[PDB]
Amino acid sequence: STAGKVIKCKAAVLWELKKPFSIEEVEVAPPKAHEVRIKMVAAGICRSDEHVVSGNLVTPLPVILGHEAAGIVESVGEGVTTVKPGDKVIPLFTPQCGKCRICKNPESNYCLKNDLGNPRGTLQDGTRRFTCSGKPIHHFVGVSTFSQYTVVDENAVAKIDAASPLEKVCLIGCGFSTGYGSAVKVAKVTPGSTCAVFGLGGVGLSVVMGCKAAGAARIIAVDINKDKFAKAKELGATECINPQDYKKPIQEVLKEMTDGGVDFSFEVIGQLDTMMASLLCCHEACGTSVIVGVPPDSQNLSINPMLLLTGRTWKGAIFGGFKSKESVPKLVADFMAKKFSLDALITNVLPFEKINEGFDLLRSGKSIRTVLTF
């Protein structure tokens, strides 16, 4: 048994910005009251993990990254009632404490227990459960899934269908839920409408899927990488455009294609130029622009408020606006009923040991989601 004991296991540790992950042996303390230790089965590689490597998203180093994952509960601390050993689960980078102002508000999901805003790199009690040869190792957004075992707070873990294929449903831990929810729950795309989606990674394609589920008439997929277009069309895009092809700014291109602008635009890249273009490309009277991509820390846009006065809405969200713990089981249940499929988003499957290869596939533009198997 490992229960009650310190586990020595393999993890991918980032010691320095802009450097490869190091496969280290690390020490993983057992779960305290209201904590859950998880044995990872599958972890996806998301651009947000790469934002930390590049220094675009600041969090304390050294760190174990990883936040899109599925696993099986090895054990639970005192007081835990919602999961138990052997349950299939998905760790929640956005917690759902169920008690804070935000958790009680039916329209919001950014729980006050998150470690996203001002990152400390700990669990909710303010300490770390990882050491690598006595040196302490920071957590990432409470979940740190690029390790064979991790420890997370009870309110940051969801119990899912016992029959769930973890190598696929890990995507519901971040990329798919974020993209799909940004369309169906944050934008609330109306049927018959026209949508523009900027960026066709795992998250952008899931936005395409959500717009299709919502009944959009037109979904205009925008990417500088034309290799992304075939999958975008497969998942419901009606047209694909590459900004590099044009002398005009892409917002003007989109407005001229759509009788003055789209009804719903989504920025799913994380760049200020495209966030501006996404806002400007939605119709000034009836358009809604949603920020999904995470911009580099603390860089500003110059905004003429006249852009909003005529009737536009500009908004953003974390995790597709889904309240994490109650939504994740439902989305997995939808997956099990084949309401949507995730296979098209999973381009590569590698053993955990090949994390760096999986990141290079992401940086190269060649992959959508690489899933790491433990």
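Start at 1 with the first residue shown and count on from there.
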Mean Cα B-factor check, 270-278 vs 84-92, entry values; winner is 84-92
Avg C-alpha B-factor, entry values, 163-171 vs 205-213, higher side is 163-171
Highest CA B factor of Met336, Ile45, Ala317, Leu345, as deposited, is found at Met336
Scanning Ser133, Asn242, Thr194, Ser177 for peak Cα temperature factor in the entry gives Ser133
By the entry's values, the third containing the CA B factor of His34 is the highest
In terms of its chain's C-alpha B-factors, the third that includes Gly142 is the middle
Among the modelled residues of its chain, the C-alpha B-factor of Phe264 falls in the third labelled lowest
On the chain's distribution of Cα B-factors, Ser341 falls within the third called highest
Here the Cα B-factor of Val26, set against its chain, lands in the third termed highest
